[PDB]
file input18.cif (mmCIF, C-alpha atoms)
data_start
#
loop_
_atom_site.label_atom_id
_atom_site.label_comp_id
_atom_site.auth_asym_id
_atom_site.auth_seq_id
_atom_site.Cartn_x
_atom_site.Cartn_y
_atom_site.Cartn_z
CA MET K 1 113.88 110.28 119.01
CA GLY K 2 110.51 109.86 120.89
CA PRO K 3 108.39 107.19 122.73
CA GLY K 4 107.51 105.37 119.42
CA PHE K 5 111.22 104.86 118.59
CA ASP K 6 111.81 103.90 122.26
CA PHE K 7 109.31 100.99 122.10
CA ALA K 8 110.60 99.92 118.62
CA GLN K 9 114.25 99.92 119.91
CA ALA K 10 113.24 97.83 122.97
CA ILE K 11 111.78 95.15 120.66
CA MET K 12 114.70 95.22 118.17
CA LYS K 13 117.44 94.93 120.84
CA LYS K 14 115.99 91.76 122.53
CA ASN K 15 113.44 90.16 120.13
CA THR K 16 115.09 90.07 116.64
CA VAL K 17 117.67 87.93 114.86
CA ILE K 18 119.07 88.06 111.32
CA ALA K 19 117.60 85.09 109.38
CA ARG K 20 119.22 83.89 106.11
CA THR K 21 117.46 81.50 103.70
CA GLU K 22 118.32 80.70 100.03
CA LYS K 23 115.94 83.65 99.20
CA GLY K 24 118.02 86.29 101.21
CA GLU K 25 118.53 87.95 104.64
CA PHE K 26 115.39 88.92 106.63
CA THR K 27 114.61 90.67 109.89
CA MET K 28 113.11 87.85 112.05
CA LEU K 29 110.94 88.62 115.13
CA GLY K 30 111.26 86.18 118.08
CA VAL K 31 107.92 85.99 119.94
CA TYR K 32 108.48 83.49 122.85
CA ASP K 33 110.59 80.39 123.72
CA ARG K 34 112.29 79.34 120.37
CA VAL K 35 109.32 80.50 118.22
CA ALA K 36 109.82 83.29 115.63
CA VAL K 37 108.06 84.64 112.50
CA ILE K 38 109.22 85.53 108.99
CA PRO K 39 107.41 86.31 105.70
CA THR K 40 106.33 83.10 103.94
CA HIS K 41 108.18 84.17 100.72
CA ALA K 42 111.48 83.57 102.65
CA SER K 43 110.78 79.85 101.83
CA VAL K 44 112.13 78.43 105.14
CA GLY K 45 113.53 74.86 104.76
CA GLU K 46 114.97 72.25 107.17
CA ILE K 47 118.10 74.43 107.92
CA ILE K 48 118.23 78.25 108.32
CA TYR K 49 121.09 80.64 109.33
CA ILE K 50 120.37 82.67 112.55
CA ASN K 51 122.96 85.47 113.12
CA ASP K 52 125.25 83.44 110.74
CA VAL K 53 124.90 80.17 112.82
CA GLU K 54 123.62 77.00 111.05
CA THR K 55 120.32 76.17 112.83
CA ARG K 56 117.94 73.19 112.41
CA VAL K 57 114.27 74.13 111.86
CA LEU K 58 112.18 72.01 114.30
CA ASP K 59 108.82 73.14 112.72
CA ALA K 60 107.64 75.69 110.12
CA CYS K 61 103.98 76.49 109.36
CA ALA K 62 102.82 78.88 106.60
CA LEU K 63 99.63 80.39 108.09
CA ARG K 64 96.36 80.66 106.10
CA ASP K 65 92.96 82.00 107.26
CA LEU K 66 89.86 79.79 107.60
CA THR K 67 88.94 80.80 103.94
CA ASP K 68 92.26 78.95 103.00
CA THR K 69 93.72 82.38 101.97
CA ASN K 70 97.49 83.12 102.37
CA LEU K 71 98.38 85.34 105.42
CA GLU K 72 102.13 85.57 104.42
CA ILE K 73 103.32 84.69 108.01
CA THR K 74 105.44 81.56 108.60
CA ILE K 75 105.85 80.55 112.29
CA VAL K 76 109.25 78.86 112.78
CA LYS K 77 110.44 76.89 115.81
CA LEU K 78 114.30 77.05 115.92
CA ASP K 79 116.68 74.44 117.42
CA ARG K 80 118.41 77.29 119.29
CA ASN K 81 120.10 77.05 122.75
CA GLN K 82 118.43 80.27 124.05
CA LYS K 83 114.77 81.50 124.45
CA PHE K 84 113.36 84.85 123.36
CA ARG K 85 111.86 87.24 125.89
CA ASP K 86 108.12 86.49 125.80
CA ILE K 87 106.43 89.48 124.02
CA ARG K 88 103.02 87.85 123.34
CA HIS K 89 101.33 90.40 125.71
CA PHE K 90 102.27 93.15 123.17
CA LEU K 91 100.28 91.45 120.33
CA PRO K 92 96.83 92.79 119.39
CA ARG K 93 93.85 90.49 119.85
CA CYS K 94 91.81 91.86 116.86
CA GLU K 95 92.24 93.32 113.34
CA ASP K 96 92.51 97.14 113.68
CA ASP K 97 93.81 100.45 112.27
CA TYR K 98 96.61 102.34 114.12
CA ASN K 99 98.14 105.82 114.37
CA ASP K 100 101.84 106.73 114.31
CA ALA K 101 103.64 103.38 113.63
CA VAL K 102 107.41 102.60 113.25
CA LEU K 103 108.88 100.00 110.86
CA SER K 104 112.21 98.69 112.27
CA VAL K 105 114.77 96.61 110.26
CA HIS K 106 118.07 94.97 111.22
CA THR K 107 120.13 93.15 108.52
CA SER K 108 123.74 93.26 107.12
CA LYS K 109 122.41 95.75 104.45
CA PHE K 110 120.26 97.90 106.86
CA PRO K 111 121.53 97.75 110.53
CA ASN K 112 119.66 99.75 113.23
CA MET K 113 117.06 101.15 110.73
CA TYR K 114 113.85 102.82 112.07
CA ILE K 115 111.20 104.44 109.77
CA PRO K 116 108.24 106.53 111.06
CA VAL K 117 105.57 105.29 108.60
CA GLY K 118 102.60 107.25 110.14
CA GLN K 119 98.95 106.10 109.91
CA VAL K 120 98.35 102.32 109.37
CA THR K 121 95.10 101.23 107.56
CA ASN K 122 93.42 97.83 107.99
CA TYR K 123 93.64 97.33 104.18
CA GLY K 124 92.45 93.67 104.20
CA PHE K 125 92.75 92.01 100.78
CA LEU K 126 95.93 92.43 98.70
CA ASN K 127 97.09 90.61 95.56
CA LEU K 128 100.70 90.27 96.86
CA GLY K 129 103.08 89.24 94.07
CA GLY K 130 100.14 87.44 92.34
CA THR K 131 99.00 85.65 95.59
CA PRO K 132 95.62 86.63 97.16
CA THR K 133 96.53 87.62 100.75
CA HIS K 134 94.30 88.66 103.73
CA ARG K 135 94.83 90.72 106.97
CA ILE K 136 97.12 93.29 105.24
CA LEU K 137 98.11 96.56 106.99
CA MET K 138 99.07 99.48 104.70
CA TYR K 139 101.23 102.60 105.35
CA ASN K 140 102.11 105.45 102.91
CA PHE K 141 105.93 105.05 102.85
CA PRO K 142 108.03 104.01 99.81
CA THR K 143 109.54 100.87 101.39
CA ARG K 144 112.26 99.05 99.38
CA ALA K 145 113.84 95.58 98.96
CA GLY K 146 115.69 94.60 102.16
CA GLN K 147 112.86 95.65 104.57
CA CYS K 148 110.80 92.38 104.40
CA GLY K 149 110.40 90.91 107.89
CA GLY K 150 110.72 94.43 109.39
CA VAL K 151 108.74 94.83 112.61
CA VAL K 152 105.80 97.25 112.70
CA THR K 153 105.09 98.70 116.19
CA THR K 154 103.11 101.39 117.95
CA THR K 155 103.78 102.47 121.55
CA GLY K 156 102.84 99.37 123.50
CA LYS K 157 102.02 97.07 120.52
CA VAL K 158 103.79 94.80 117.99
CA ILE K 159 101.24 94.80 115.13
CA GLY K 160 102.79 93.22 112.01
CA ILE K 161 105.77 92.27 109.85
CA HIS K 162 106.59 94.00 106.53
CA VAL K 163 105.87 91.72 103.49
CA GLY K 164 105.83 93.99 100.40
CA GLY K 165 105.40 97.34 98.67
CA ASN K 166 104.33 99.01 95.36
CA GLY K 167 106.88 101.90 95.37
CA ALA K 168 104.47 104.43 97.09
CA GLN K 169 102.90 102.18 99.81
CA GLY K 170 104.20 99.44 102.12
CA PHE K 171 102.25 96.41 103.35
CA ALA K 172 102.55 94.33 106.53
CA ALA K 173 100.95 91.00 107.59
CA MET K 174 99.05 91.37 110.89
CA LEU K 175 100.34 89.64 114.02
CA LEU K 176 97.49 88.47 116.29
CA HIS K 177 97.78 87.03 119.83
CA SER K 178 95.76 83.93 118.68
CA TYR K 179 98.61 82.83 116.33
CA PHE K 180 100.90 82.08 119.36
CA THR K 181 98.66 80.28 121.91
CA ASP K 182 100.45 77.16 123.34
#
call {"tool": "encode", "arguments": {"input": "input18.cif", "output": "structure tokens"}}
result
Amino acid sequence: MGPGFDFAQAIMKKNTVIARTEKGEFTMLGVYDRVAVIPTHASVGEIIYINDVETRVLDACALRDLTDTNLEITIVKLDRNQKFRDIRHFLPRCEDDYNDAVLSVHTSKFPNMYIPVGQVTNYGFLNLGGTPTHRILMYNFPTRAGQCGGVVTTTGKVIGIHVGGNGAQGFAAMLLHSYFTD
């Protein structure tokens, strides 16, 4: 409808796949080459389904900060025959707050879904499903089951992936440029 939705659409149409694990279907953001991200609660194993194709997982790393605290991001390298467009230049370098964000989801249950979530707070610490978690972004939208892995964007930046909610608020794990240096 506007330049926020334009940037979100541009990411969704080239840099997402539908990932299926034994824990469900997730929006999965491809970042560069065959490297993608997904919430750690997806419990990625040795095989994952990518757009309903059986795909070997070449590597999966559940990220933690240097306090050994959960960040809720798993970086996955896929044995796929095609690279993602490299979007690492759209990742923020530092922890920050944002105005006027969009949460975008694409699964069997929610195809082509875009939500204007408004102001995003650098919330920091969250007890997420009983697990102490750092680098959490918060937005005041009643997100629901099916949106985990959803991409959070502003105009010009890809800032996080949706990992949870409490019925009134939604929470995303930060994406930082430093997670994807090669």
call {"tool": "closest_residue", "arguments": {"input": "input18.cif", "among": "K:23, K:157, K:144, K:14", "to": "residue 101 in chain K", "atoms": "only C-alpha atoms"}}
result
K:157
call {"tool": "atom_distance", "arguments": {"input": "input18.cif", "atom1": "CA of residue 119 in chain K", "atom2": "CA of residue 65 in chain K"}}
result
25.0 Å
call {"tool": "resolve_selection", "arguments": {"input": "input18.cif", "expression": "the PyMOL selection byres ((chain K and resi 78) around 12)", "output": "PyMOL selection string"}}
result
chain K and resi 17+19+28+30-37+44-50+53-60+75-77+79-84
call {"tool": "residues_around", "arguments": {"input": "input18.cif", "residues": "residue 170 in chain K", "least_positions_apart": "6", "cutoff": "10 Å", "atoms": "only C-alpha atoms", "output": "PyMOL selection string"}}
result
chain K and resi 103+117+120+136-144+147-148+162-164
call {"tool": "write_last_selection", "arguments": {"input": "input18.cif", "atoms": "C-alpha atoms", "output": "tab-separated table (two decimals), in the frame of the given file"}}
result
chain	number	residue	atom	x	y	z
K	103	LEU	CA	108.88	100.00	110.86
K	117	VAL	CA	105.57	105.29	108.60
K	120	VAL	CA	98.35	102.32	109.37
K	136	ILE	CA	97.12	93.29	105.24
K	137	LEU	CA	98.11	96.56	106.99
K	138	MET	CA	99.07	99.48	104.70
K	139	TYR	CA	101.23	102.60	105.35
K	140	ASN	CA	102.11	105.45	102.91
K	141	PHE	CA	105.93	105.05	102.85
K	142	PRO	CA	108.03	104.01	99.81
K	143	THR	CA	109.54	100.87	101.39
K	144	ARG	CA	112.26	99.05	99.38
K	147	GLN	CA	112.86	95.65	104.57
K	148	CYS	CA	110.80	92.38	104.40
K	162	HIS	CA	106.59	94.00	106.53
K	163	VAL	CA	105.87	91.72	103.49
K	164	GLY	CA	105.83	93.99	100.40
call {"tool": "residues_near_point", "arguments": {"input": "input18.cif", "point": "(95.4, 92.8, 104.1)", "cutoff": "8 Å", "atoms": "all atoms listed in the file", "output": "list in words"}}
result
residues 122, 123, 124, 125, 126, 133, 134, 135, 136, 137, 138, 171, 172, 173 and 174 of chain K
call {"tool": "residues_near_point", "arguments": {"input": "input18.cif", "point": "(117.8, 90.3, 105.5)", "cutoff": "10 Å", "atoms": "only C-alpha atoms", "output": "PyMOL selection string"}}
result
chain K and resi 17-21+23-28+42+105-111+145-150
call {"tool": "resolve_selection", "arguments": {"input": "input18.cif", "expression": "the PyMOL selection byres ((chain K and resi 92) around 10)", "output": "MDAnalysis selection string"}}
result
chainID K and resid 88:91 93:96 156:160 174:178
call {"tool": "write_last_selection", "arguments": {"input": "input18.cif", "atoms": "C-alpha atoms", "output": "mmCIF file, keeping the file's coordinate frame"}}
result
data_model
loop_
_atom_site.group_PDB
_atom_site.id
_atom_site.type_symbol
_atom_site.label_atom_id
_atom_site.label_comp_id
_atom_site.auth_asym_id
_atom_site.auth_seq_id
_atom_site.Cartn_x
_atom_site.Cartn_y
_atom_site.Cartn_z
ATOM 1 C CA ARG K 88 103.020 87.850 123.340
ATOM 2 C CA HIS K 89 101.330 90.400 125.710
ATOM 3 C CA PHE K 90 102.270 93.150 123.170
ATOM 4 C CA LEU K 91 100.280 91.450 120.330
ATOM 5 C CA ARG K 93 93.850 90.490 119.850
ATOM 6 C CA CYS K 94 91.810 91.860 116.860
ATOM 7 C CA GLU K 95 92.240 93.320 113.340
ATOM 8 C CA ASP K 96 92.510 97.140 113.680
ATOM 9 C CA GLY K 156 102.840 99.370 123.500
ATOM 10 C CA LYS K 157 102.020 97.070 120.520
ATOM 11 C CA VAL K 158 103.790 94.800 117.990
ATOM 12 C CA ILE K 159 101.240 94.800 115.130
ATOM 13 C CA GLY K 160 102.790 93.220 112.010
ATOM 14 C CA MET K 174 99.050 91.370 110.890
ATOM 15 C CA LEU K 175 100.340 89.640 114.020
ATOM 16 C CA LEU K 176 97.490 88.470 116.290
ATOM 17 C CA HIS K 177 97.780 87.030 119.830
ATOM 18 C CA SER K 178 95.760 83.930 118.680
#
call {"tool": "atom_distance", "arguments": {"input": "input18.cif", "atom1": "CA of residue 62 in chain K", "atom2": "CA of residue 128 in chain K"}}
result
15.1 Å
call {"tool": "atom_distance", "arguments": {"input": "input18.cif", "atom1": "CA of residue 74 in chain K", "atom2": "CA of residue 40 in chain K"}}
result
5.0 Å
call {"tool": "closest_residue", "arguments": {"input": "input18.cif", "among": "K:104, K:43, K:69, K:99", "to": "residue 16 in chain K", "atoms": "all atoms listed in the file"}}
result
K:104
call {"tool": "resolve_selection", "arguments": {"input": "input18.cif", "expression": "the PyMOL selection byres ((chain K and resi 114) around 8)", "output": "mmCIF file with C-alpha atoms, keeping the file's coordinate frame"}}
result
data_model
loop_
_atom_site.group_PDB
_atom_site.id
_atom_site.type_symbol
_atom_site.label_atom_id
_atom_site.label_comp_id
_atom_site.auth_asym_id
_atom_site.auth_seq_id
_atom_site.Cartn_x
_atom_site.Cartn_y
_atom_site.Cartn_z
ATOM 1 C CA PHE K 5 111.220 104.860 118.590
ATOM 2 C CA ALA K 8 110.600 99.920 118.620
ATOM 3 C CA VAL K 102 107.410 102.600 113.250
ATOM 4 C CA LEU K 103 108.880 100.000 110.860
ATOM 5 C CA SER K 104 112.210 98.690 112.270
ATOM 6 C CA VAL K 105 114.770 96.610 110.260
ATOM 7 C CA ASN K 112 119.660 99.750 113.230
ATOM 8 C CA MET K 113 117.060 101.150 110.730
ATOM 9 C CA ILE K 115 111.200 104.440 109.770
ATOM 10 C CA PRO K 116 108.240 106.530 111.060
#
call {"tool": "closest_residue", "arguments": {"input": "input18.cif", "among": "K:132, K:151, K:127, K:181", "to": "residue 166 in chain K", "atoms": "all atoms listed in the file"}}
result
K:127
call {"tool": "closest_residue", "arguments": {"input": "input18.cif", "among": "K:38, K:11, K:63, K:71", "to": "residue 131 in chain K", "atoms": "all atoms listed in the file"}}
result
K:71
call {"tool": "build_atoms", "arguments": {"input": "input18.cif", "residues": "range 113-138 of chain K", "atoms": "N, CA, C and O atoms", "output": "tab-separated table (two decimals), in the coordinates of the input"}}
result
chain	number	residue	atom	x	y	z
K	113	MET	N	117.93	100.30	111.58
K	113	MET	CA	117.06	101.15	110.73
K	113	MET	C	115.68	101.30	111.38
K	113	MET	O	115.04	100.26	111.71
K	114	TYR	N	115.20	102.53	111.54
K	114	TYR	CA	113.85	102.82	112.07
K	114	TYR	C	113.18	103.82	111.14
K	114	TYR	O	113.77	104.85	110.89
K	115	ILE	N	111.96	103.55	110.71
K	115	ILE	CA	111.20	104.44	109.77
K	115	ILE	C	109.89	104.83	110.39
K	115	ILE	O	109.08	103.96	110.67
K	116	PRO	N	109.56	106.14	110.61
K	116	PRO	CA	108.24	106.53	111.06
K	116	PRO	C	107.30	106.51	109.85
K	116	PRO	O	107.43	107.33	108.96
K	117	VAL	N	106.41	105.54	109.81
K	117	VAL	CA	105.57	105.29	108.60
K	117	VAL	C	104.22	105.97	108.77
K	117	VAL	O	103.55	106.05	107.75
K	118	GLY	N	103.83	106.47	109.94
K	118	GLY	CA	102.60	107.25	110.14
K	118	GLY	C	101.40	106.36	110.32
K	118	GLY	O	101.52	105.33	111.00
K	119	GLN	N	100.26	106.77	109.74
K	119	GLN	CA	98.95	106.10	109.91
K	119	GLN	C	98.98	104.71	109.25
K	119	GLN	O	99.51	104.59	108.14
K	120	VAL	N	98.44	103.71	109.93
K	120	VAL	CA	98.35	102.32	109.37
K	120	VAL	C	96.87	101.97	109.16
K	120	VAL	O	96.09	101.97	110.16
K	121	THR	N	96.48	101.62	107.93
K	121	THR	CA	95.10	101.23	107.56
K	121	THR	C	94.95	99.71	107.64
K	121	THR	O	95.87	99.02	107.18
K	122	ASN	N	93.84	99.24	108.18
K	122	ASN	CA	93.42	97.83	107.99
K	122	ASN	C	92.95	97.70	106.54
K	122	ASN	O	91.79	98.02	106.26
K	123	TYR	N	93.84	97.33	105.65
K	123	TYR	CA	93.64	97.33	104.18
K	123	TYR	C	92.82	96.10	103.77
K	123	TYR	O	91.96	96.18	102.89
K	124	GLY	N	93.14	94.96	104.38
K	124	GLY	CA	92.45	93.67	104.20
K	124	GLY	C	93.04	92.88	103.06
K	124	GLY	O	94.15	92.33	103.19
K	125	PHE	N	92.33	92.83	101.93
K	125	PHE	CA	92.75	92.01	100.78
K	125	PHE	C	93.84	92.72	99.99
K	125	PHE	O	93.70	93.92	99.71
K	126	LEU	N	94.87	91.97	99.61
K	126	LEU	CA	95.93	92.43	98.70
K	126	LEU	C	96.31	91.27	97.79
K	126	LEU	O	96.52	90.16	98.26
K	127	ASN	N	96.44	91.56	96.51
K	127	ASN	CA	97.09	90.61	95.56
K	127	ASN	C	98.59	90.84	95.67
K	127	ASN	O	99.08	91.83	95.09
K	128	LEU	N	99.29	90.04	96.48
K	128	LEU	CA	100.70	90.27	96.86
K	128	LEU	C	101.61	89.41	95.99
K	128	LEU	O	101.71	88.20	96.18
K	129	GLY	N	102.26	90.03	95.00
K	129	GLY	CA	103.08	89.24	94.07
K	129	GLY	C	102.29	88.17	93.33
K	129	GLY	O	102.83	87.06	93.15
K	130	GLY	N	101.02	88.43	93.00
K	130	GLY	CA	100.14	87.44	92.34
K	130	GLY	C	99.39	86.50	93.30
K	130	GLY	O	98.57	85.68	92.82
K	131	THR	N	99.65	86.56	94.62
K	131	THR	CA	99.00	85.65	95.59
K	131	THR	C	97.95	86.42	96.38
K	131	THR	O	98.30	87.38	97.09
K	132	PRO	N	96.65	86.03	96.32
K	132	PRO	CA	95.62	86.63	97.16
K	132	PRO	C	96.04	86.48	98.63
K	132	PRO	O	96.41	85.39	99.04
K	133	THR	N	96.02	87.58	99.35
K	133	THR	CA	96.53	87.62	100.75
K	133	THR	C	95.53	88.40	101.62
K	133	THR	O	95.02	89.42	101.15
K	134	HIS	N	95.23	87.94	102.83
K	134	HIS	CA	94.30	88.66	103.73
K	134	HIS	C	95.04	89.29	104.92
K	134	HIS	O	96.27	89.00	105.10
K	135	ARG	N	94.31	90.09	105.71
K	135	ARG	CA	94.83	90.72	106.97
K	135	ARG	C	96.06	91.60	106.70
K	135	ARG	O	97.01	91.61	107.55
K	136	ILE	N	96.04	92.35	105.61
K	136	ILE	CA	97.12	93.29	105.24
K	136	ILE	C	96.90	94.68	105.85
K	136	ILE	O	95.76	95.18	105.89
K	137	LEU	N	97.97	95.17	106.49
K	137	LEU	CA	98.11	96.56	106.99
K	137	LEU	C	98.82	97.36	105.90
K	137	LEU	O	99.75	96.83	105.25
K	138	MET	N	98.42	98.61	105.72
K	138	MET	CA	99.07	99.48	104.70
K	138	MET	C	99.52	100.80	105.34
K	138	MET	O	98.78	101.32	106.20
